[PDB]
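**Student:** Sharing a structure, written as structure tokens. Questions coming.
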There are 2 protein chains.
Amino acid sequence: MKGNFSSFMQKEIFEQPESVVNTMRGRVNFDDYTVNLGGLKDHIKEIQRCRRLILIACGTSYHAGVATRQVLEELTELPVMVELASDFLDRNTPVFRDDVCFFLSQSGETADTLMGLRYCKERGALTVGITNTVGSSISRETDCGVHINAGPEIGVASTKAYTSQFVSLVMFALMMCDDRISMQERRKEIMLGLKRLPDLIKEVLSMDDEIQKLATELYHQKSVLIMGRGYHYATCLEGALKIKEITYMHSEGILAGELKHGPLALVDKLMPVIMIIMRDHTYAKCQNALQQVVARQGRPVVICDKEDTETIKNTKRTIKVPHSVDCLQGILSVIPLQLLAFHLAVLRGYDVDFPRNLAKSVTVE
Amino acid sequence: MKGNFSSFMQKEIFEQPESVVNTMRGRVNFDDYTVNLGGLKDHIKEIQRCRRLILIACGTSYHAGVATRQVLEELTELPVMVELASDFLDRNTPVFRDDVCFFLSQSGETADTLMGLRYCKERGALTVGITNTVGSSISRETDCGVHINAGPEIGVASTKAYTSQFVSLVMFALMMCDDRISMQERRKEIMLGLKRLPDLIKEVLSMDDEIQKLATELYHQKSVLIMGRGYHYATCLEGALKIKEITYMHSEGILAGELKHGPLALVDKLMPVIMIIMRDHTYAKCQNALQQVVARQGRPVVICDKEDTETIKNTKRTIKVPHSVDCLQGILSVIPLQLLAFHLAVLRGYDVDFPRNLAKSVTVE
Ligand SMILES: O=P(O)(O)OC[C@H]1O[C@H](O)[C@H](O)[C@@H](O)[C@@H]1O
Ligand SMILES: O=P(O)(O)OC[C@H]1O[C@H](O)[C@H](O)[C@@H](O)[C@@H]1O
């Protein structure tokens, strides 16, 4: 059952300390800093010989690709392209024999993702499935893959599977760079982060009541702009998607560096704005975005890290999440957005697990 | 002056038959199907030897890249990556010696685009400027370039420069494939399209009164979803941007193949929806998107081609544009969206040339 929770989605959000452990179970060894994804053991040397990584997906799975693009670029040193599967197909995207294509899919049955897989296979690319469903078409038809091991997810709006996909792609990245002397300190930083992550997720979930109060402030609103950049760009997209999915409010993710190029004309004292600002190398530029938003009379809610003394000092509405390594922080920063969507949906009387007009998996067309 | 027009933006929209001719002037010869961009004459063989095209830009210039990605892929057979300049920089995107990087910029001074240029130059990439401003930093600092020759554009919301950038990148694509026997019929198709385009733009502008009537139907609305896919994905993004820029309504471009993955939960009888449906190879899939929207009680306005008998027959609100070749159709289909933004802004009492919170060029940070 959902037993102890009124919805599957809330259960699944609160399961994230355990789902992240489950994803890393048998794969990461924190004593000797090894990571092994057995499903990729054979094919790994081959992947390192490939020239480009292409991540192909729909919906929240696509966001997990956007969330891990930078660390994949960093640690593989390969170009990484992230593609919405329907557009990838419409464009007859060039794929080559020495491309490695990843198919990210909770269900493993999404029609566009599966047809993208078949397209790449026809062109001789090495294909890799990252799914949550053993025995699924995408799991069966790829050359190799990783079962993210998040466990069954029933909520139509995906929560634990997003963060389990995120962790899976980070573990892949860690395997890819494991022969480089120069990257050993970076790998150890990230792995110590992964070790700490479950406890930090518990700490985020403890602010559920604060998020519920923010949802009471927002639930009459018709729009909200969610702004972030760099590692947190995916966080804003996925948070915007979540609020669309189950609340039906018109939430839009805005790349923070593009704010000044159009979206800022929507900012005034009446447009709700959520800004994500983390202490990574984009920090000063995000502070600049915040300053612009405030200068145009917006009253943003800011998601920042607990140790970010200056924005806590100088900003009235902050949702304070624990600090982690730059490339893992989005796992923490998305959770208040998952919870915000949840609580907004509840305030509005809407079904959180089975929203209108949506399906857990779109297997047709 | 703007003389005969009350705004620079309306003047600039109505100048598009002439700006497109100006862009192609001295470059396309319709008698012998040659295209020559002298600024690229020397460097062309070198570009053909490169391995990847990367288009880097902000705002509407970025949309022109999205609008031409597919035809560039098709005719160059090269991978093409399109990047928002601010994100490109934040990620420390891998660039290589045998990449060719294009910088699309009306002003040639946008800080993020210019810093992207400098980043690529440092990495030994061949750099190409596509700008509307002679003597600009991006024009001066690239290895070669094309002045799009649209003439001065004063409206902060870019209109003629979008369609002139679009045409410039198509002419580049035509140069790239000009030694291939197998592509000669395709090149001639596209060039006969470019020859016809100015007259077809006049025909679109003649429906200004119909668009003004649609703006009267929309101007109390707070949101609008603009949906398209394939070649028309850029058209929906740029139309959404235009409505944000000068009307301050919350318009969002939605990739039509992603509709079913979240945005469809926003559709009911009260959410305005504009769908773009063209008779290219995405047609049946767009009809499916339309059917879903109508099935969930939406009442969309559809932008379709005049000769699309079946959606004209079966859909009540259509904005009927002239038929062109698939890879040029977005030049026509964006124009009613430029005009819709214009007329909405006028109905709301807002300054169309100098909207709040925005600048013609963001040269700082
Ligand atoms: O992640 P996949 O099974 O390929 O599905 C892609 C998407 O399809 C459906 O729309 C779901 O409601 C989503 O939660 C999901 O992100
Ligand atoms: O096209 P560029 O000069 O690089 O400018 C990028 C953008 O900057 C400004 O925001 C303008 O208002 C836009 O119309 C434009 O698209």
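Naming works like this for the structure tokens: A, B, ... for the chains as they're shown, residue 1 at the start of each chain, ligands 1 onward in shown order.
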Would you list the residues that come within 9 Å of ligand 2? Count only C-alpha atoms and all ligand atoms and give the answer as a ChimeraX atom specification.

**Tutor:** /A:258-262 /B:57-63,103-114,131-133,155-159,161-162,242,245,358-363

**Student:** May I have all residues of region 66-232 of chain A that DSSP, computed from the backbone, assigns to strand (DSSP E), given as a PyMOL selection string?

**Tutor:** chain A and resi 80-84+99-105+126-131+144-147+223-228

**Student:** Using only C-alpha atoms, determine which residues lie at most 12 Å from residue 94 (chain A), disregarding the query and same-chain residues fewer than 5 positions distant; provide the list as an mmCIF file with N, CA, C and O atoms, in the first residue's frame.

**Tutor:**
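Ended up saving to part.cif:
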```cif
data_model
loop_
_atom_site.group_PDB
_atom_site.id
_atom_site.type_symbol
_atom_site.label_atom_id
_atom_site.label_comp_id
_atom_site.auth_asym_id
_atom_site.auth_seq_id
_atom_site.Cartn_x
_atom_site.Cartn_y
_atom_site.Cartn_z
ATOM 1 N N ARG A 52 31.158 10.798 -28.887
ATOM 2 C CA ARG A 52 30.108 11.737 -28.520
ATOM 3 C C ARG A 52 29.126 10.943 -27.716
ATOM 4 O O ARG A 52 28.929 9.780 -28.016
ATOM 5 N N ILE A 54 25.123 10.985 -26.651
ATOM 6 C CA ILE A 54 23.824 11.570 -26.920
ATOM 7 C C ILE A 54 22.825 10.982 -25.947
ATOM 8 O O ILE A 54 22.615 9.775 -25.931
ATOM 9 N N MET A 81 25.231 15.669 -25.964
ATOM 10 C CA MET A 81 24.063 16.290 -26.595
ATOM 11 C C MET A 81 22.899 15.689 -25.860
ATOM 12 O O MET A 81 22.897 14.494 -25.597
ATOM 13 N N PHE A 88 14.295 14.865 -31.794
ATOM 14 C CA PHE A 88 15.390 14.044 -32.334
ATOM 15 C C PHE A 88 14.946 13.261 -33.588
ATOM 16 O O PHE A 88 15.621 13.260 -34.609
ATOM 17 N N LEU A 89 13.799 12.613 -33.498
ATOM 18 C CA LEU A 89 13.218 11.878 -34.604
ATOM 19 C C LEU A 89 12.752 12.801 -35.734
ATOM 20 O O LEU A 89 13.068 12.580 -36.893
ATOM 21 N N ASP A 99 29.117 7.038 -32.134
ATOM 22 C CA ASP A 99 28.267 7.680 -31.118
ATOM 23 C C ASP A 99 27.841 6.649 -30.102
ATOM 24 O O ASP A 99 27.535 5.512 -30.455
ATOM 25 N N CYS A 101 24.630 6.296 -27.579
ATOM 26 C CA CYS A 101 23.333 6.876 -27.313
ATOM 27 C C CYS A 101 22.725 6.279 -26.061
ATOM 28 O O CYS A 101 22.600 5.073 -25.947
ATOM 29 N N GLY A 116 13.403 6.258 -30.979
ATOM 30 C CA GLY A 116 14.742 6.848 -31.047
ATOM 31 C C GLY A 116 15.823 5.779 -30.920
ATOM 32 O O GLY A 116 16.804 5.787 -31.653
ATOM 33 N N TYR A 119 16.027 3.834 -34.146
ATOM 34 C CA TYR A 119 16.752 4.692 -35.105
ATOM 35 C C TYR A 119 18.268 4.683 -34.927
ATOM 36 O O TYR A 119 19.039 4.580 -35.903
ATOM 37 N N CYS A 120 18.724 4.790 -33.687
ATOM 38 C CA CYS A 120 20.144 4.774 -33.427
ATOM 39 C C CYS A 120 20.740 3.400 -33.732
ATOM 40 O O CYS A 120 21.854 3.329 -34.267
ATOM 41 N N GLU A 122 19.772 1.134 -35.909
ATOM 42 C CA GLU A 122 19.874 1.080 -37.365
ATOM 43 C C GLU A 122 21.099 1.752 -37.923
ATOM 44 O O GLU A 122 21.591 1.372 -38.982
ATOM 45 N N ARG A 123 21.613 2.752 -37.214
ATOM 46 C CA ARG A 123 22.791 3.486 -37.647
ATOM 47 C C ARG A 123 24.085 2.992 -37.020
ATOM 48 O O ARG A 123 25.110 3.589 -37.199
ATOM 49 N N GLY A 124 24.023 1.870 -36.322
ATOM 50 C CA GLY A 124 25.234 1.241 -35.754
ATOM 51 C C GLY A 124 25.800 1.902 -34.506
ATOM 52 O O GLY A 124 26.964 1.648 -34.154
ATOM 53 N N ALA A 125 25.008 2.739 -33.820
ATOM 54 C CA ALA A 125 25.498 3.386 -32.589
ATOM 55 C C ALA A 125 25.422 2.389 -31.455
ATOM 56 O O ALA A 125 24.599 1.506 -31.493
ATOM 57 N N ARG B 52 31.839 19.549 -36.896
ATOM 58 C CA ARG B 52 30.641 19.831 -36.120
ATOM 59 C C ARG B 52 30.387 21.296 -36.296
ATOM 60 O O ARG B 52 31.340 22.049 -36.380
ATOM 61 N N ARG B 69 18.390 24.573 -37.754
ATOM 62 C CA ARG B 69 19.175 23.376 -37.351
ATOM 63 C C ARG B 69 18.939 22.205 -38.309
ATOM 64 O O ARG B 69 19.878 21.589 -38.790
ATOM 65 N N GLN B 70 17.678 21.892 -38.585
ATOM 66 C CA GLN B 70 17.349 20.729 -39.374
ATOM 67 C C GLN B 70 17.884 20.837 -40.797
ATOM 68 O O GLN B 70 18.445 19.855 -41.334
ATOM 69 N N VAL B 71 17.699 21.987 -41.428
ATOM 70 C CA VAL B 71 18.188 22.125 -42.812
ATOM 71 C C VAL B 71 19.707 22.139 -42.841
ATOM 72 O O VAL B 71 20.322 21.665 -43.805
ATOM 73 N N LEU B 72 20.336 22.701 -41.808
ATOM 74 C CA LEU B 72 21.781 22.631 -41.709
ATOM 75 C C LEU B 72 22.257 21.184 -41.540
ATOM 76 O O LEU B 72 23.231 20.760 -42.200
ATOM 77 N N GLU B 73 21.621 20.429 -40.657
ATOM 78 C CA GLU B 73 21.910 18.993 -40.549
ATOM 79 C C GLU B 73 21.729 18.292 -41.891
ATOM 80 O O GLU B 73 22.603 17.550 -42.334
ATOM 81 N N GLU B 74 20.602 18.570 -42.554
ATOM 82 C CA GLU B 74 20.277 17.909 -43.800
ATOM 83 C C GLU B 74 21.305 18.156 -44.880
ATOM 84 O O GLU B 74 21.708 17.216 -45.553
ATOM 85 N N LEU B 75 21.686 19.412 -45.090
ATOM 86 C CA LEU B 75 22.461 19.811 -46.229
ATOM 87 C C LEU B 75 23.968 19.742 -45.966
ATOM 88 O O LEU B 75 24.763 19.579 -46.908
ATOM 89 N N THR B 76 24.371 19.935 -44.709
ATOM 90 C CA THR B 76 25.792 19.783 -44.367
ATOM 91 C C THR B 76 26.103 18.299 -44.030
ATOM 92 O O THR B 76 27.250 17.853 -44.161
ATOM 93 N N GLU B 77 25.110 17.547 -43.584
ATOM 94 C CA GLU B 77 25.288 16.204 -43.028
ATOM 95 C C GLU B 77 26.193 16.131 -41.781
ATOM 96 O O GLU B 77 26.584 15.040 -41.353
ATOM 97 N N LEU B 78 26.432 17.286 -41.178
ATOM 98 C CA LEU B 78 27.257 17.466 -40.004
ATOM 99 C C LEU B 78 26.353 17.510 -38.779
ATOM 100 O O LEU B 78 25.220 17.997 -38.864
ATOM 101 N N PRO B 79 26.873 17.098 -37.620
ATOM 102 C CA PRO B 79 26.126 17.386 -36.423
ATOM 103 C C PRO B 79 26.068 18.896 -36.225
ATOM 104 O O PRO B 79 27.063 19.594 -36.468
ATOM 105 N N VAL B 80 24.909 19.381 -35.775
ATOM 106 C CA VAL B 80 24.692 20.795 -35.463
ATOM 107 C C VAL B 80 24.160 20.899 -34.050
ATOM 108 O O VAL B 80 23.161 20.250 -33.733
ATOM 109 N N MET B 81 24.817 21.712 -33.234
ATOM 110 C CA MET B 81 24.461 21.920 -31.827
ATOM 111 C C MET B 81 24.065 23.368 -31.769
ATOM 112 O O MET B 81 24.728 24.204 -32.369
#
```

**Student:** Env of residue 267 (chain B): 9 Å cut, atoms = only C-alpha atoms, seq-sep filter 2 positions within chain, self excluded. Answer as a list in words.

**Tutor:**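 With the cut-off at 9 Å, the set is residues 248 and 357 of chain A; 225, 263, 264, 265, 269, 270, 271, 272, 273, 293, 294, 296, 297 and 298 of chain B.
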
**Student:** Among region 218-264 of chain B, which ones does DSSP assign to helix (DSSP H, G or I) (computed from the backbone)? Answer as JSON, numbers by chain.

**Tutor:** {"B": [218, 230, 231, 232, 233, 234, 235, 236, 237, 238, 239, 240, 241, 242, 243, 244, 245, 246, 247, 256, 257, 258, 259, 260, 261, 263, 264]}

**Student:** Could you write out the selected residues, including C-alpha atoms, as a tab-separated table (two decimals), in the first residue's frame?

**Tutor:**
```tsv
chain	number	residue	atom	x	y	z
B	218	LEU	CA	-6.92	37.46	-26.66
B	230	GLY	CA	9.96	20.11	-36.20
B	231	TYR	CA	10.59	23.13	-38.39
B	232	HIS	CA	7.90	25.03	-36.46
B	233	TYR	CA	9.36	24.49	-33.07
B	234	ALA	CA	11.44	27.65	-33.47
B	235	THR	CA	8.29	29.50	-34.67
B	236	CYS	CA	6.46	28.69	-31.39
B	237	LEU	CA	9.46	29.71	-29.27
B	238	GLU	CA	9.92	32.99	-31.07
B	239	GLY	CA	6.19	33.73	-31.09
B	240	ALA	CA	6.07	33.04	-27.34
B	241	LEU	CA	9.05	35.28	-26.81
B	242	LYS	CA	7.44	38.05	-28.86
B	243	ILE	CA	4.19	37.99	-26.80
B	244	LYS	CA	6.25	38.02	-23.56
B	245	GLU	CA	8.46	40.85	-24.79
B	246	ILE	CA	5.83	43.51	-25.62
B	247	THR	CA	2.49	42.32	-24.24
B	256	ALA	CA	4.24	19.64	-29.67
B	257	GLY	CA	5.63	16.14	-29.17
B	258	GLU	CA	6.10	16.95	-25.46
B	259	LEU	CA	2.51	18.15	-25.06
B	260	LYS	CA	1.39	14.77	-23.82
B	261	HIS	CA	4.16	14.69	-21.21
B	263	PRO	CA	1.60	20.68	-20.71
B	264	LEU	CA	-1.61	18.91	-21.74
```
